[PDB]
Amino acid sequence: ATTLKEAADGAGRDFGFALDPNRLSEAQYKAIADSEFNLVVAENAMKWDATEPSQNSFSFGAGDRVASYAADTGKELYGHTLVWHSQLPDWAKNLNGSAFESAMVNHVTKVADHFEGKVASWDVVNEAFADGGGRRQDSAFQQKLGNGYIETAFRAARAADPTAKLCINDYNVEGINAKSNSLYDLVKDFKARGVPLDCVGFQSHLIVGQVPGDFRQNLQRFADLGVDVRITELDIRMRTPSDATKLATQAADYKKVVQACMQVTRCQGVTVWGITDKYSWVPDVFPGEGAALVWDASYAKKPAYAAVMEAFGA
């Protein structure tokens, strides 16, 4: 393998990235996008704010640009995300009861129908659970609709798109803990009752030096419920600026995560949350943290690059 794309291809797995379609006009970004990945997800372009800015009025230009990019370069297209408490427009937050449920169902239906036959898998529901266990405590969906909204979203997604793989996605669920246990209970329940659900995403927003040692075991127990598993938003952030020690640890951490996936037969692959540190979400949310991705801010391969290639068995 001369690229991460080749390494993942050879491993029979996906290696993806989070795309900002506006950055496609930056040729270096596009070069790496084109050559290093076999899967793409919209970083923002297919979220509710980006697709339904007013009630039942849709803005698919940006999402279409992502879908077209995937089709033009022969990459799998992963959909993110139909139902999520964040990046939810004020008009939706202002609705209540059945009016709110209807806006959710309509959102799921229209977006899934629009991308049907293009998007292969959806994050139907994103970040439904709470650190420490149970349901998320600051969600419009949880508050207005209660426990049943997850099942409602999945069934609506399947009604719109009979064949797309329908995933639930979350973070801080990589290890076995109260959060991943709650997620596990739901997945088992849905499979038991025949609720449409095909996959589970593990965001893997990790901190350098802190990869859960039970990650493989956790992925395996989910896979054994009869669903596929995927690492969906991998980045491994550090205190900036980087140095040799931090970059070495980060490389080892990337290797650990990719190996965990390689060790689980139903782990579809790994998607990193961006290409270059230049554009990563991390520094804006975590002051003084960053350098979380595989390429630095000048597009140089970091040691993480070799680690990923090695982990895919290249």
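Position 1 is the first residue in the sequence shown; the rest follow in order.
Of the two stretches examined, 280-288 and 264-272, the record assigns the greater average C-alpha temperature factor to 280-288. With 166-174 and 130-138 compared on mean CA B-factor from the PDB entry, the stretch scoring higher is 130-138. Sorting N44, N38, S54, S68 by the CA temperature factor given in the entry leaves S54 at the top. Ranked by Cα temperature factor within the chain, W295 sits in the middle third according to the deposited record. When all modelled residues of the chain are sorted by CA temperature factor, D123 is found within the lowest third. Sorting the modelled residues of the chain by their CA temperature factor places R158 in the middle third.
When the modelled residues of the chain are ordered by their C-alpha B factor, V227 lands in the middle third.
In this PDB entry, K93 carries a Cα temperature factor that places it within the highest third of its chain's modelled residues.
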